[PDB]
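This report refers to the structure that appears directly beneath it.
Chains as they are written, first to last, in our numbering: chain X, 8 to 55; chain P, 65 to 112; chain Y, 6 to 304; chain G, 17 to 312; chain F, 6 to 300.
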């Protein structure tokens, strides 16, 4: 839910010190709601 | 000689929607994101 | 009118896309030292990214192509020959449907009377003295541009629609009406059919007799087509089972199917050919995207 | 036009449209070949109510015309008809590791399915066929042909004893099984030509080959050779020994016979060999989407 | 899409001239990958380092064919073929191309006299032979015949029958198949293929005879007695160790059919030969030919 809202709506930049270890966190599942797409994904243009 | 006379063709008669009397049942409105609409609905609130 | 303007815009977009594929922008500085003919050629500057059909120029002695010099669109066959001169020699579909066994005696003798000369007689003797058929003769493509010179020039299409040039009067494959059959639950099932050519042999106690079938089917899958064809051909298949083991001629199968290409369902029309008054019933496929696949054999 | 638009007849829910947003880039077959499609002809559910036979679904799935899901806007649903030899991105559904470089076929969905999670809407489901490697496609088709050859042998409890050992297979650390084969008459014709071609391999098999077994056993010794000796010693319905194997001036006859044997083996291979629909080049690290360069 | 190949070692001027001689050729490529070293270019990373002829035919079926287009100062431009379009191939093989022929890729014959077109510090360049399809079938059958009769002993005509196997002729161009006496230079040894073929020809009669006992009395008419004849003609005197036989621990028959159908998809590599190229026209003097690409 709301993932195209994230990928479309205007955002607030954050500290690069905070965005640090994202790869291993996402790999070892520290979060509960995450959606990662490796290729450039057109799933954010089909607005319904 | 072997005459050929005049060469004739048809007139395709032209159909507007609003000229036909089905448009008195109709009510036609453009809406440029009806391709992107999943479901339009209307709500009626009835009291007895 | 908020409709026809977008329509004309799409027309101009396709027109300019054709011009993009046809002509090339030149970034050579063009110093002005040129005459007006070279000027307009360097402004236009064609390339052949426009035709998109694959052809081959062809030299063949004119004795073999007796009605096929008149009716454009025919299957052609390569016949390699142990003579070192015309190592290759090109054969009409009807010219080999002469000694096909499917053809009835009336049609066979009629096109034999279309096919009687000494060169043809010698070539038919070569074909009969060949052991098998399918890899001493071979499928080659579709006729366009008969020249009829001394040794006649033929264009032949490997891939794409059948047309010489200027994209006009796009010819079609002309199949004899006797030599085709469509084994399907329902003929002309939903839409455009793939056209295949099947070579089937038969053995009447002396020698081998080959037979030329053309199938039209909605099935694209070669496995489905050979599964419907064993169902059609099972009887002579059992006869072949008797024959191939006592035989010593180097062949290994009952027949082989090979794709010609696509057709269209609404573009199948009947008719006849005539050369020297010999009316001969044919079924004319009209527009064909020629798509040759490999030979798939079945025993 | 190269674009088929699906429009559902029944209404849907927002959880359903989020599921269809998840399900993008999946091959879905259509029989219709029209510029518009609907929910009646979308997918494989309009055939999987008629007898549920895996061979039947496989045959008509061979007849189907495949498309790729794209751009689900509103209730509408774009399906691109993919062209020959071009590159396309495919999300995968088969429970497999999907190593790159291999060829792919398109298989009926295995009937271990639990929870029509992607969809189930108004007596209609979205039956999506799986995509598999060609090796396991041929493996499944070998199992089908073999169950034909065994269900021939009419039994009680031996059918169960064969099927429960046979059906669960493991390819690349994944267990799958295909239940409830009533062994209809259509498999019998498909197996009859295998029986015929094995009879011709028997008849046209040359003198070199059955001698080559015994000569390899006498000269060399290896583990494959041991298991082949175990087969040949265990089975004893044959023994027709031909005493003379001298092969004086037999060379062209041997070539002809070996060509015939190879062609029968090609026939039996064309029985079980299913058509490669996709060729993988680039795979995502998830093994969730991968690119292909092919159409049949 | 094109592919840049950068060489690993230095190159001689004679090597650059060899590349300019070979500026159009087919090369197989393992990884559909845009930047490739010459250590991974070619077929010699796979042949002469791995299994022999069965794996080789399988891998040559499954690799990416790609033709040379243009040579820069030290890099190779390799364009991969799109289906349904034309390309152009120079004539490496001895067998003469003619128009309208189907073409395929066979693994190269064991020739140490081939001059190993590049031999760059223990790496060498090996190409598959573009060859017509009828020859590919004939070469496959001759190779299998050599690999079958090479294991047999005490034939006093063995040398002349190996020579009459190795000599093939096709449109006046002779070649000798290098699988002579078992020099072992590259025999390719075909042992899995020959074992698989002979397991087919040994297990087939038993399996078909077991099947011939059941499900045939009325409707298996065209099947039964035809198989009686095929089985009867050749194997006229079968079941010589019988009487304690004609049983089936039905799992046993299951293992028979499962193994005999396993062997067929193992010998799938010798099953078919796909038409990689359909040559339409051939240039003069048989130097190169413009073909179209399929499969």
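For each residue, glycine too, the CB sits at the ideal point set by N, CA and C.
Rounded separation between residue i and residue j - CA only
| i | j | result |
| --- | --- | --- |
| residue 47 (chain F) | residue 108 (chain Y) | 52 Å |
| residue 98 (chain P) | residue 36 (chain G) | 19 Å |
| residue 72 (chain G) | residue 56 (chain G) | 19 Å |
| residue 265 (chain G) | residue 167 (chain F) | 11 Å |
| residue 122 (chain Y) | residue 83 (chain Y) | 20 Å |
| residue 200 (chain G) | residue 207 (chain G) | 12 Å |
| residue 28 (chain X) | residue 39 (chain G) | 29 Å |
| residue 183 (chain Y) | residue 303 (chain Y) | 23 Å |
| residue 62 (chain G) | residue 32 (chain G) | 20 Å |
| residue 247 (chain F) | residue 251 (chain G) | 10 Å |
| residue 234 (chain F) | residue 100 (chain F) | 42 Å |
| residue 184 (chain G) | residue 128 (chain G) | 11 Å |
| residue 182 (chain F) | residue 150 (chain F) | 12 Å |
| residue 211 (chain Y) | residue 146 (chain Y) | 32 Å |
Cutoff 7 Å; reference residue i; Cβ partners in own chain excluding five residues on either side
| i | result |
| --- | --- |
| residue 274 (chain Y) | 289 and 291 |
| residue 135 (chain Y) | 141 |
| residue 1 (chain Y) | Nothing about residue 1 (chain Y) can be reported from this structure: the residues present for chain Y run from 6 to 304 only. |
| residue 87 (chain P) | 81 |
| residue 62 (chain F) | 112, 274 and 275 |
| residue 6 (chain F) | 85 |
| residue 228 (chain F) | 221 |
| residue 143 (chain G) | 59, 60, 61, 64 and 125 |
| residue 218 (chain Y) | 107, 184, 185, 186, 203 and 205 |
| residue 272 (chain Y) | 290, 291 and 292 |
| residue 195 (chain Y) | 223 |
Beta-carbon proximity list for residue i, same chain, < 6 Å, skipping 5 on both sides
| i | result |
| --- | --- |
| residue 152 (chain G) | 187 |
| residue 5 (chain F) | What is shown of chain F runs 6 to 300, which leaves residue 5 (chain F) out entirely. |
| residue 132 (chain G) | 141 |
| residue 224 (chain Y) | 230 |
| residue 92 (chain P) | none |
| residue 208 (chain Y) | 248 |
| residue 273 (chain G) | 220 and 222 |
8 Å contact criterion, which residue i and residue j should meet: CB distance rounded
| i | j | result |
| --- | --- | --- |
| residue 205 (chain Y) | residue 238 (chain Y) | 6 Å |
| residue 202 (chain Y) | residue 144 (chain Y) | 6 Å |
| residue 305 (chain G) | residue 216 (chain G) | Wrong, their Cβ atoms sit about 46 Å apart, outside the cutoff. |
| residue 179 (chain Y) | residue 76 (chain Y) | 6 Å |
| residue 188 (chain Y) | residue 231 (chain Y) | Going by Cβ atoms, the distance from residue 188 (chain Y) to residue 231 (chain Y) rounds to 11 Å, so no, they are not a contact pair. |
| residue 216 (chain Y) | residue 61 (chain Y) | At roughly 27 Å, the Cβ-Cβ gap does not stay under 8 Å, so residue 216 (chain Y) and residue 61 (chain Y) are not in contact. |
| residue 69 (chain F) | residue 37 (chain F) | 5 Å |
| residue 283 (chain F) | residue 163 (chain Y) | 7 Å |
| residue 78 (chain Y) | residue 177 (chain Y) | 5 Å |
| residue 255 (chain G) | residue 243 (chain F) | 6 Å |
One or two residues paired with residue i in a DSSP bridge
| i | result |
| --- | --- |
| residue 146 (chain G) | G:123 |
| residue 284 (chain F) | F:296 |
| residue 29 (chain Y) | Paired residues: none, contrary to the question. |
| residue 191 (chain G) | G:186 |
| residue 81 (chain Y) | Y:97 and Y:146 |
| residue 190 (chain Y) | DSSP output for residue 190 (chain Y) lists no bridge partner at all. |
| residue 275 (chain Y) | Y:288 |
| residue 301 (chain Y) | Y:262 |
| residue 185 (chain Y) | Y:219 |
| residue 172 (chain G) | Per DSSP, none; premise fails for residue 172 (chain G). |
| residue 283 (chain Y) | Y:280 |
| residue 129 (chain F) | F:124 |
Below-9 Å beta-carbon distance, residue i vs any chain C residue
| i | result |
| --- | --- |
| residue 24 (chain X) | Given the protein chain composition of this structure (X, P, Y, G and F), no chain C is represented. |
Nonlocal neighbours in the same chain, by C-beta distance under 8 Å from residue i, ignoring five residues either side
| i | result |
| --- | --- |
| residue 265 (chain F) | 204, 205, 208, 209 and 212 |
| residue 191 (chain G) | 184 and 185 |
**OP:** Count the C-beta pairs between the stretch 142-159 of chain G and the stretch 117-124 of chain G that are closer than 8 Å, then say yes if the count reaches three, no if not.
**Re:** yes
**OP:** For the stretch 211-227 of chain F and the stretch 202-218 of chain G, state whether three or more C-beta atom pairs, one from each stretch, are separated by less than 8 Å.
**Re:** yes
Original post:
Does the stretch 23-41 of chain Y touch the stretch 53-67 of chain Y, meaning 3 or more C-beta pairs lie closer than 8 Å?
Top reply: yes
**OP:** Give a yes or no on contact between the stretch 153-164 of chain Y and the stretch 122-132 of chain Y, applying the rule of three or more CB pairs nearer than 8 Å.
**Re:** no
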